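Per our numbering, residue 929 is the first one in the sequence shown, and the count goes up by one each step.
Read through the structure below, which is laid out as structure tokens, and then see the notes.
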Amino acid sequence: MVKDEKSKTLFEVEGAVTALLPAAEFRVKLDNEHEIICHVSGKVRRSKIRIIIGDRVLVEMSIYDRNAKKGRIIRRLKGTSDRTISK
């Protein structure tokens, strides 16, 4: 509803979670040595995705304000491995 028509202006970061908090919070570290906050706020609720430490994550957040402090963490998407790898 609120995250539907607006906040489409969104930036996507590829990183990995560093630690989780008892607030269902997943804080990830960018390869540029930057730790950012992430929470579940997307299709993750409907699709039911399992976030685990040690795996890569896709951080979908907006640079403005609403999704500025925290991003939408789901999991590492398919890394376009359909190119060849012996097809």
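Note that beta-carbon positions come from the ideal geometry of N, C-alpha and C, so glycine has one too.
The criterion of a C-beta distance shorter than 8 angstroms is not satisfied by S935 and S975. The C-alpha of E953 is placed about 5 angstroms away from the C-alpha of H967. Residue range 930-933 is occupied by the alpha helix (DSSP H) that includes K931. Contact check for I1002 against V956 fails: the beta carbons are separated by 8 angstroms or more. With fewer than 16 other beta carbons inside 10 angstroms of its own, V930 counts as exposed. Membership of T1008 in any beta strand (DSSP E) is not indicated, and neither H nor E is assigned to it by DSSP.
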